[PDB]
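Listing of target31.pdb, PDB, N, CA and C atoms
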ATOM      1  N   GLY A 764     -17.493   8.701  -2.854
ATOM      2  CA  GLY A 764     -18.385   7.754  -3.587
ATOM      3  C   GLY A 764     -18.177   6.319  -3.140
ATOM      4  N   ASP A 765     -18.746   5.377  -3.879
ATOM      5  CA  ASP A 765     -18.602   3.967  -3.545
ATOM      6  C   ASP A 765     -17.228   3.462  -3.956
ATOM      7  N   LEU A 766     -16.635   2.593  -3.135
ATOM      8  CA  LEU A 766     -15.335   2.013  -3.477
ATOM      9  C   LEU A 766     -15.483   1.248  -4.790
ATOM     10  N   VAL A 767     -14.528   1.421  -5.695
ATOM     11  CA  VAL A 767     -14.618   0.736  -6.978
ATOM     12  C   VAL A 767     -14.371  -0.770  -6.863
ATOM     13  N   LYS A 768     -13.492  -1.186  -5.952
ATOM     14  CA  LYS A 768     -13.192  -2.612  -5.807
ATOM     15  C   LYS A 768     -12.828  -2.904  -4.362
ATOM     16  N   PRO A 769     -13.844  -2.974  -3.497
ATOM     17  CA  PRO A 769     -13.670  -3.232  -2.064
ATOM     18  C   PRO A 769     -13.005  -4.528  -1.641
ATOM     19  N   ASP A 770     -12.679  -5.406  -2.586
ATOM     20  CA  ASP A 770     -11.987  -6.632  -2.201
ATOM     21  C   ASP A 770     -10.553  -6.654  -2.727
ATOM     22  N   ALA A 771     -10.026  -5.484  -3.090
ATOM     23  CA  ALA A 771      -8.679  -5.436  -3.641
ATOM     24  C   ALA A 771      -7.549  -5.693  -2.635
ATOM     25  N   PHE A 772      -7.597  -5.054  -1.472
ATOM     26  CA  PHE A 772      -6.520  -5.235  -0.485
ATOM     27  C   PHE A 772      -6.545  -6.570   0.243
ATOM     28  N   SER A 773      -5.361  -7.145   0.425
ATOM     29  CA  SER A 773      -5.190  -8.355   1.231
ATOM     30  C   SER A 773      -3.889  -8.028   1.956
ATOM     31  N   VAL A 774      -4.008  -7.657   3.230
ATOM     32  CA  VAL A 774      -2.872  -7.211   4.027
ATOM     33  C   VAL A 774      -2.566  -8.069   5.246
ATOM     34  N   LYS A 775      -1.284  -8.368   5.442
ATOM     35  CA  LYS A 775      -0.853  -9.166   6.589
ATOM     36  C   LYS A 775       0.224  -8.362   7.288
ATOM     37  N   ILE A 776       0.136  -8.251   8.610
ATOM     38  CA  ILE A 776       1.121  -7.468   9.342
ATOM     39  C   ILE A 776       1.788  -8.248  10.473
ATOM     40  N   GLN A 777       3.060  -7.941  10.710
ATOM     41  CA  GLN A 777       3.857  -8.577  11.755
ATOM     42  C   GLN A 777       4.524  -7.448  12.520
ATOM     43  N   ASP A 778       4.296  -7.396  13.828
ATOM     44  CA  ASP A 778       4.885  -6.352  14.659
ATOM     45  C   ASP A 778       5.843  -6.949  15.658
ATOM     46  N   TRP A 779       7.358  -6.473  15.482
ATOM     47  CA  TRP A 779       8.370  -7.021  16.383
ATOM     48  C   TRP A 779       9.158  -5.856  16.964
ATOM     49  N   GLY A 780       8.594  -4.656  16.898
ATOM     50  CA  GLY A 780       9.294  -3.470  17.377
ATOM     51  C   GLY A 780       9.128  -2.468  16.253
ATOM     52  N   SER A 781       9.245  -3.008  15.046
ATOM     53  CA  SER A 781       9.014  -2.287  13.803
ATOM     54  C   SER A 781       7.963  -3.195  13.183
ATOM     55  N   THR A 782       7.181  -2.679  12.245
ATOM     56  CA  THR A 782       6.085  -3.472  11.702
ATOM     57  C   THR A 782       6.176  -3.711  10.207
ATOM     58  N   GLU A 783       6.022  -4.977   9.825
ATOM     59  CA  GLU A 783       6.061  -5.387   8.428
ATOM     60  C   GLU A 783       4.651  -5.417   7.880
ATOM     61  N   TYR A 784       4.500  -4.925   6.651
ATOM     62  CA  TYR A 784       3.212  -4.903   5.973
ATOM     63  C   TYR A 784       3.394  -5.636   4.656
ATOM     64  N   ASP A 785       2.665  -6.736   4.500
ATOM     65  CA  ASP A 785       2.721  -7.549   3.293
ATOM     66  C   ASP A 785       1.420  -7.216   2.598
ATOM     67  N   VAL A 786       1.530  -6.515   1.480
ATOM     68  CA  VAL A 786       0.360  -6.037   0.769
ATOM     69  C   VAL A 786       0.105  -6.696  -0.571
ATOM     70  N   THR A 787      -1.041  -7.344  -0.689
ATOM     71  CA  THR A 787      -1.423  -7.964  -1.942
ATOM     72  C   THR A 787      -2.578  -7.142  -2.498
ATOM     73  N   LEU A 788      -2.498  -6.844  -3.791
ATOM     74  CA  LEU A 788      -3.531  -6.081  -4.475
ATOM     75  C   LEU A 788      -4.165  -6.987  -5.522
ATOM     76  N   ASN A 789      -5.424  -7.332  -5.290
ATOM     77  CA  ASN A 789      -6.170  -8.178  -6.208
ATOM     78  C   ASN A 789      -6.911  -7.194  -7.089
ATOM     79  N   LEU A 790      -6.221  -6.806  -8.156
ATOM     80  CA  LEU A 790      -6.691  -5.785  -9.085
ATOM     81  C   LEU A 790      -7.583  -6.227 -10.228
ATOM     82  N   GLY A 791      -7.387  -7.454 -10.701
ATOM     83  CA  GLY A 791      -8.190  -7.942 -11.810
ATOM     84  C   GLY A 791      -7.740  -7.394 -13.159
ATOM     85  N   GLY A 792      -6.690  -6.580 -13.150
ATOM     86  CA  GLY A 792      -6.167  -6.000 -14.380
ATOM     87  C   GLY A 792      -4.777  -5.443 -14.132
ATOM     88  N   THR A 793      -4.145  -4.922 -15.183
ATOM     89  CA  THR A 793      -2.800  -4.355 -15.086
ATOM     90  C   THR A 793      -2.945  -2.841 -15.087
ATOM     91  N   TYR A 794      -2.478  -2.202 -14.010
ATOM     92  CA  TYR A 794      -2.641  -0.752 -13.830
ATOM     93  C   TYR A 794      -1.462  -0.031 -13.187
ATOM     94  N   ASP A 795      -1.415   1.278 -13.417
ATOM     95  CA  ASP A 795      -0.417   2.116 -12.775
ATOM     96  C   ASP A 795      -1.117   2.474 -11.461
ATOM     97  N   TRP A 796      -1.124   1.514 -10.548
ATOM     98  CA  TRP A 796      -1.783   1.696  -9.269
ATOM     99  C   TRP A 796      -0.983   2.581  -8.326
ATOM    100  N   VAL A 797      -1.661   3.116  -7.318
ATOM    101  CA  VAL A 797      -1.026   3.961  -6.324
ATOM    102  C   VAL A 797      -1.602   3.584  -4.967
ATOM    103  N   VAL A 798      -0.740   3.341  -3.982
ATOM    104  CA  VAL A 798      -1.228   3.063  -2.632
ATOM    105  C   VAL A 798      -0.671   4.162  -1.740
ATOM    106  N   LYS A 799      -1.558   4.963  -1.156
ATOM    107  CA  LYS A 799      -1.148   6.037  -0.262
ATOM    108  C   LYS A 799      -1.262   5.501   1.157
ATOM    109  N   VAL A 800      -0.237   5.766   1.955
ATOM    110  CA  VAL A 800      -0.191   5.259   3.321
ATOM    111  C   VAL A 800      -0.103   6.371   4.354
ATOM    112  N   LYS A 801      -0.978   6.295   5.354
ATOM    113  CA  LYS A 801      -1.009   7.274   6.440
ATOM    114  C   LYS A 801      -0.237   6.674   7.616
ATOM    115  N   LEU A 802       0.887   7.297   7.970
ATOM    116  CA  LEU A 802       1.717   6.833   9.078
ATOM    117  C   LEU A 802       1.631   7.726  10.307
ATOM    118  N   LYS A 803       1.761   7.117  11.477
ATOM    119  CA  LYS A 803       1.761   7.884  12.717
ATOM    120  C   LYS A 803       3.014   8.753  12.715
ATOM    121  N   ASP A 804       2.923   9.935  13.318
ATOM    122  CA  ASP A 804       4.081  10.820  13.387
ATOM    123  C   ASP A 804       5.240  10.103  14.094
ATOM    124  N   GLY A 805       6.461  10.339  13.621
ATOM    125  CA  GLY A 805       7.610   9.726  14.255
ATOM    126  C   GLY A 805       8.045   8.408  13.655
ATOM    127  N   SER A 806       7.222   7.853  12.773
ATOM    128  CA  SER A 806       7.559   6.594  12.108
ATOM    129  C   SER A 806       8.034   6.863  10.675
ATOM    130  N   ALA A 807       8.880   5.972  10.165
ATOM    131  CA  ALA A 807       9.377   6.075   8.796
ATOM    132  C   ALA A 807       9.367   4.701   8.159
ATOM    133  N   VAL A 808       9.262   4.679   6.837
ATOM    134  CA  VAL A 808       9.347   3.424   6.105
ATOM    135  C   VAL A 808      10.843   3.148   5.994
ATOM    136  N   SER A 809      11.274   2.015   6.540
ATOM    137  CA  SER A 809      12.684   1.649   6.559
ATOM    138  C   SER A 809      13.076   0.561   5.555
ATOM    139  N   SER A 810      12.089  -0.114   4.974
ATOM    140  CA  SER A 810      12.359  -1.148   3.970
ATOM    141  C   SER A 810      11.190  -1.149   2.997
ATOM    142  N   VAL A 811      11.482  -1.343   1.712
ATOM    143  CA  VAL A 811      10.448  -1.404   0.690
ATOM    144  C   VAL A 811      10.818  -2.518  -0.296
ATOM    145  N   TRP A 812       9.827  -3.310  -0.680
ATOM    146  CA  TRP A 812      10.033  -4.379  -1.636
ATOM    147  C   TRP A 812       8.991  -4.340  -2.742
ATOM    148  N   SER A 813       9.485  -4.397  -3.975
ATOM    149  CA  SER A 813       8.650  -4.438  -5.167
ATOM    150  C   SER A 813       7.802  -3.214  -5.473
ATOM    151  N   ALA A 814       8.172  -2.070  -4.894
ATOM    152  CA  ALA A 814       7.468  -0.816  -5.147
ATOM    153  C   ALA A 814       8.417   0.361  -5.000
ATOM    154  N   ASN A 815       8.091   1.467  -5.661
ATOM    155  CA  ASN A 815       8.866   2.702  -5.540
ATOM    156  C   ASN A 815       8.126   3.519  -4.497
ATOM    157  N   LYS A 816       8.857   4.361  -3.776
ATOM    158  CA  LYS A 816       8.269   5.165  -2.719
ATOM    159  C   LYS A 816       8.521   6.655  -2.868
ATOM    160  N   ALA A 817       7.491   7.439  -2.574
ATOM    161  CA  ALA A 817       7.575   8.894  -2.627
ATOM    162  C   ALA A 817       6.730   9.435  -1.463
ATOM    163  N   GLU A 818       6.709  10.752  -1.288
ATOM    164  CA  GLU A 818       5.892  11.338  -0.229
ATOM    165  C   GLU A 818       5.066  12.412  -0.908
ATOM    166  N   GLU A 819       3.793  12.486  -0.551
ATOM    167  CA  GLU A 819       2.900  13.467  -1.143
ATOM    168  C   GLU A 819       1.810  13.889  -0.166
ATOM    169  N   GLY A 820       1.763  15.184   0.137
ATOM    170  CA  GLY A 820       0.735  15.695   1.026
ATOM    171  C   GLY A 820       0.729  15.075   2.404
ATOM    172  N   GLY A 821       1.905  14.702   2.906
ATOM    173  CA  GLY A 821       1.971  14.096   4.221
ATOM    174  C   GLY A 821       1.737  12.593   4.238
ATOM    175  N   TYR A 822       1.489  12.011   3.069
ATOM    176  CA  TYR A 822       1.286  10.573   2.976
ATOM    177  C   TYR A 822       2.463   9.929   2.258
ATOM    178  N   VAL A 823       2.693   8.650   2.537
ATOM    179  CA  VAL A 823       3.734   7.918   1.832
ATOM    180  C   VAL A 823       2.999   7.366   0.604
ATOM    181  N   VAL A 824       3.640   7.410  -0.555
ATOM    182  CA  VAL A 824       2.996   6.966  -1.780
ATOM    183  C   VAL A 824       3.794   5.846  -2.427
ATOM    184  N   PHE A 825       3.175   4.680  -2.557
ATOM    185  CA  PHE A 825       3.830   3.530  -3.188
ATOM    186  C   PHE A 825       3.285   3.325  -4.589
ATOM    187  N   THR A 826       4.188   3.085  -5.539
ATOM    188  CA  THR A 826       3.809   2.824  -6.926
ATOM    189  C   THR A 826       4.573   1.566  -7.356
ATOM    190  N   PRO A 827       4.035   0.818  -8.327
ATOM    191  CA  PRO A 827       4.722  -0.398  -8.757
ATOM    192  C   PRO A 827       6.003  -0.250  -9.550
ATOM    193  N   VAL A 828       6.870  -1.249  -9.419
ATOM    194  CA  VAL A 828       8.049  -1.290 -10.255
ATOM    195  C   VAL A 828       7.430  -1.815 -11.570
ATOM    196  N   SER A 829       8.140  -1.685 -12.670
ATOM    197  CA  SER A 829       7.628  -2.088 -13.981
ATOM    198  C   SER A 829       6.902  -3.431 -14.128
ATOM    199  N   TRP A 830       7.377  -4.464 -13.445
ATOM    200  CA  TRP A 830       6.784  -5.795 -13.559
ATOM    201  C   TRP A 830       5.683  -6.129 -12.561
ATOM    202  N   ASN A 831       5.350  -5.175 -11.702
ATOM    203  CA  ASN A 831       4.384  -5.423 -10.640
ATOM    204  C   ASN A 831       3.083  -4.626 -10.738
ATOM    205  N   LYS A 832       2.508  -4.548 -11.936
ATOM    206  CA  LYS A 832       1.283  -3.782 -12.132
ATOM    207  C   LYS A 832      -0.031  -4.561 -12.077
ATOM    208  N   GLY A 833       0.026  -5.871 -11.815
ATOM    209  CA  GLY A 833      -1.185  -6.674 -11.739
ATOM    210  C   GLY A 833      -1.169  -7.831 -12.728
ATOM    211  N   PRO A 834      -2.269  -8.589 -12.842
ATOM    212  CA  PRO A 834      -3.520  -8.416 -12.102
ATOM    213  C   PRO A 834      -3.422  -8.660 -10.598
ATOM    214  N   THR A 835      -2.403  -9.404 -10.181
ATOM    215  CA  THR A 835      -2.172  -9.652  -8.764
ATOM    216  C   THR A 835      -0.831  -8.991  -8.511
ATOM    217  N   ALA A 836      -0.815  -7.936  -7.708
ATOM    218  CA  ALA A 836       0.447  -7.276  -7.422
ATOM    219  C   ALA A 836       0.688  -7.433  -5.940
ATOM    220  N   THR A 837       1.939  -7.614  -5.563
ATOM    221  CA  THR A 837       2.255  -7.733  -4.149
ATOM    222  C   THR A 837       3.528  -6.972  -3.849
ATOM    223  N   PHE A 838       3.476  -6.167  -2.799
ATOM    224  CA  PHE A 838       4.647  -5.418  -2.392
ATOM    225  C   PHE A 838       4.624  -5.407  -0.889
ATOM    226  N   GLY A 839       5.707  -4.927  -0.307
ATOM    227  CA  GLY A 839       5.773  -4.893   1.131
ATOM    228  C   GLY A 839       6.661  -3.780   1.616
ATOM    229  N   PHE A 840       6.571  -3.511   2.909
ATOM    230  CA  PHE A 840       7.407  -2.486   3.503
ATOM    231  C   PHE A 840       7.428  -2.679   4.998
ATOM    232  N   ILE A 841       8.451  -2.127   5.636
ATOM    233  CA  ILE A 841       8.542  -2.183   7.076
ATOM    234  C   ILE A 841       8.520  -0.725   7.488
ATOM    235  N   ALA A 842       7.763  -0.418   8.533
ATOM    236  CA  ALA A 842       7.705   0.953   9.041
ATOM    237  C   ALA A 842       8.094   0.856  10.505
ATOM    238  N   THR A 843       8.850   1.838  10.987
ATOM    239  CA  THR A 843       9.310   1.802  12.363
ATOM    240  C   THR A 843       8.212   1.968  13.402
ATOM    241  N   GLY A 844       8.395   1.310  14.537
ATOM    242  CA  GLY A 844       7.385   1.399  15.574
ATOM    243  C   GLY A 844       6.363   0.279  15.498
ATOM    244  N   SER A 845       5.439   0.298  16.456
ATOM    245  CA  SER A 845       4.368  -0.689  16.591
ATOM    246  C   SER A 845       3.094  -0.242  15.884
ATOM    247  N   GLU A 846       2.687  -0.982  14.853
ATOM    248  CA  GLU A 846       1.479  -0.663  14.092
ATOM    249  C   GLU A 846       1.353   0.826  13.759
ATOM    250  N   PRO A 847       2.358   1.388  13.072
ATOM    251  CA  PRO A 847       2.340   2.809  12.711
ATOM    252  C   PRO A 847       1.408   3.178  11.569
ATOM    253  N   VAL A 848       1.018   2.202  10.761
ATOM    254  CA  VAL A 848       0.119   2.519   9.662
ATOM    255  C   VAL A 848      -1.310   2.656  10.177
ATOM    256  N   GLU A 849      -1.902   3.812   9.918
ATOM    257  CA  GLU A 849      -3.268   4.085  10.353
ATOM    258  C   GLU A 849      -4.255   3.804   9.226
ATOM    259  N   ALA A 850      -3.787   3.885   7.983
ATOM    260  CA  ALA A 850      -4.665   3.638   6.849
ATOM    261  C   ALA A 850      -3.902   3.521   5.551
ATOM    262  N   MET A 851      -4.466   2.773   4.605
ATOM    263  CA  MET A 851      -3.860   2.673   3.278
ATOM    264  C   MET A 851      -4.985   2.860   2.287
ATOM    265  N   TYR A 852      -4.680   3.545   1.188
ATOM    266  CA  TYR A 852      -5.684   3.822   0.167
ATOM    267  C   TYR A 852      -5.191   3.375  -1.200
ATOM    268  N   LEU A 853      -6.030   2.637  -1.923
ATOM    269  CA  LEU A 853      -5.669   2.177  -3.266
ATOM    270  C   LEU A 853      -6.379   3.014  -4.321
ATOM    271  N   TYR A 854      -5.596   3.630  -5.193
ATOM    272  CA  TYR A 854      -6.138   4.451  -6.270
ATOM    273  C   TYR A 854      -5.714   3.865  -7.604
ATOM    274  N   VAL A 855      -6.657   3.851  -8.531
ATOM    275  CA  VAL A 855      -6.396   3.381  -9.891
ATOM    276  C   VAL A 855      -7.102   4.409 -10.762
ATOM    277  N   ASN A 856      -6.351   5.035 -11.667
ATOM    278  CA  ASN A 856      -6.910   6.052 -12.551
ATOM    279  C   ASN A 856      -7.708   7.122 -11.807
ATOM    280  N   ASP A 857      -7.091   7.648 -10.752
ATOM    281  CA  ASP A 857      -7.648   8.711  -9.933
ATOM    282  C   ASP A 857      -8.978   8.423  -9.258
ATOM    283  N   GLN A 858      -9.236   7.150  -8.984
ATOM    284  CA  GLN A 858     -10.462   6.755  -8.300
ATOM    285  C   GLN A 858     -10.063   5.890  -7.115
ATOM    286  N   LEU A 859     -10.770   6.041  -6.001
ATOM    287  CA  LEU A 859     -10.471   5.255  -4.806
ATOM    288  C   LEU A 859     -11.105   3.876  -4.975
ATOM    289  N   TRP A 860     -10.253   2.857  -5.046
ATOM    290  CA  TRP A 860     -10.699   1.476  -5.211
ATOM    291  C   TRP A 860     -10.949   0.743  -3.904
ATOM    292  N   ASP A 861     -10.066   0.927  -2.929
ATOM    293  CA  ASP A 861     -10.230   0.239  -1.654
ATOM    294  C   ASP A 861      -9.471   0.980  -0.564
ATOM    295  N   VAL A 862      -9.771   0.620   0.677
ATOM    296  CA  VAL A 862      -9.147   1.229   1.843
ATOM    297  C   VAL A 862      -8.848   0.138   2.856
ATOM    298  N   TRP A 863      -7.700   0.238   3.512
ATOM    299  CA  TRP A 863      -7.335  -0.700   4.565
ATOM    300  C   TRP A 863      -7.386   0.128   5.848
TER     301      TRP A 863
END

So, in terms of structure tokens, how does the structure I just supplied come out?
Amino acid sequence: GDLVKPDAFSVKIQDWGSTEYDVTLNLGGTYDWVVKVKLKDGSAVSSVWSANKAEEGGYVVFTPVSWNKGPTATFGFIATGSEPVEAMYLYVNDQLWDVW
């Protein structure tokens, strides 16, 4: 269907051998958000800030720590390798809000 909030993601990346992803979520509200990340094979998330991490269905799944639910939430992570993230998906209440 149509993205619920196509202007939610604001992402900045730095690649120095491993790649840093600075993720800002312009949510407009406080939510138990979920960001699913598609990584290239062979890469791993080696650092995480302001989010909890899990793995589900082959994707890395980031969820907020208690104080980072919005309306503006920002978290980050470093993944090994050069630009290993192929896509990120923002879900709020089981609906796809935005895609990076």

Practice prompt. In Å, rounded to a single decimal, give me how far atom N of residue A:840 is from atom CA of residue A:766.
Written response: 23.5 Å

Item to complete: Report as a PyMOL selection string: the residues of stretch 813-851 of chain A with a DSSP assignment of strand (DSSP E or B), based on the backbone of this structure.
Response: chain A and resi 814-819+822-827+835-843+848-851

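Residues matching the PyMOL selection byres (((chain A and resi 831 and name CA) around 12) and name CA) in this structure come to residues 787, 788, 789, 790, 792, 793, 794, 795, 796, 797, 812, 813, 814, 815, 825, 826, 827, 828, 829, 830, 832, 833, 834, 835, 836, 837, 838 and 839 of chain A.
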
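Near (-7.5, 6.3, -6.3), the residues that fall inside 10 Å on the basis of only C-alpha atoms are residues 766, 767, 796, 797, 798, 799, 852, 853, 854, 855, 856, 857, 858, 859, 860, 861 and 862 of chain A.
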
Item to complete: Could you jot down the atom CA of residue A:821 to atom CA of residue A:791 separation for me, Å, one decimal place?
Response: 29.1 Å

5 Å per side around stretch 810-825 of chain A: axis-aligned box centre and edge lengths, as lines of an AutoDock Vina configuration file:
center_x = 6.5
center_y = 5.6
center_z = -0.3
size_x = 21.6
size_y = 30.1
size_z = 20.6

Worksheet entry | Separation of atom CA of residue A:786 from atom CA of residue A:774 in Å | 4.7 Å

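Here the PyMOL selection byres ((chain A and resi 845-851) around 8) matches the residues residues 777, 778, 779, 780, 781, 782, 783, 798, 799, 800, 801, 802, 803, 804, 806, 807, 842, 843, 844, 852, 853, 854, 861, 862 and 863 of chain A.
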
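With only N, CA and C atoms as the atoms that count, the minimum distance from residue A:841 to the choices A:776, A:823, A:769, A:811 is reached by A:811.
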